[PDB]
Amino acid sequence: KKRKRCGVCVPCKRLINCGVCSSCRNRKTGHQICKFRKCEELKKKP
DNA sequence: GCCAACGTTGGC
DNA sequence: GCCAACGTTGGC
Ligand SMILES: [Zn+2]
Ligand SMILES: [Zn+2]
């Protein structure tokens, strides 16, 4: 299964894709959420 | 069936 | 070990 966003971090609370980060500009091919909405808990840990 | 957006990997 | 690209799938 896909992990669910946490719904409580600042990114999760943002409503709208910014439209200008690289995730947003390449959305059709890269299929990624806006860098500013990406759930903090879903990022890669080193 | 659509589509937002997470998971995986070839090629580097 | 990274990440562009794609496939996938849960929720609608
Ligand atoms: Zn953005
Ligand atoms: Zn979150």
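Worth knowing before you read on, the calculation uses all heavy atoms, side chains too, and leaves out hydrogens, waters and symmetry mates. Each chain gets a letter, A, B and so on, in the order the sequences are listed, and its residues count up from 1.
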Rounding to a whole Å, what distance do you find between [X]:[atom1] and [N]:[atom2]?
X        : N      : atom1 : atom2 : result
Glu41(A) : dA5(B) : CD    : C1'   : 17 Å
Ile33(A) : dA5(C) : CD1   : P     : 20 Å
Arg25(A) : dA5(C) : CZ    : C1'   : 16 Å
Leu42(A) : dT8(B) : CG    : P     : 13 Å
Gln32(A) : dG7(C) : CD    : P     : 14 Å
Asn17(A) : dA4(B) : CG    : P     : 9 Å
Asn26(A) : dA5(C) : CG    : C1'   : 10 Å
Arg27(A) : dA4(C) : CZ    : P     : 14 Å

Any donor-acceptor N/O pair, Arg5(A) side chain to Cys12(A) backbone, under 3.5 Å: yes
Member of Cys24(A), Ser23(A), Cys18(A) meeting the side-chain contact (heavy atoms from CB on, under 4.5 Å) criterion with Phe36(A): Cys18(A)
Side chain to side chain, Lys43(A) and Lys38(A), heavy atoms closer than 4.5 Å: yes
Close side-chain approach of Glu40(A) and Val10(A), heavy atoms under 4.5 Å: no
Under 4.0 Å between a side-chain N or O of [X] and OP1 or OP2 of [N]?
X        : N      : result
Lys43(A) : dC6(B) : no
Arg3(A)  : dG7(B) : yes
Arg37(A) : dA5(B) : yes

Near-parallel close stack of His31(A) and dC6(C) base (under 5.5 Å, under 30°): yes
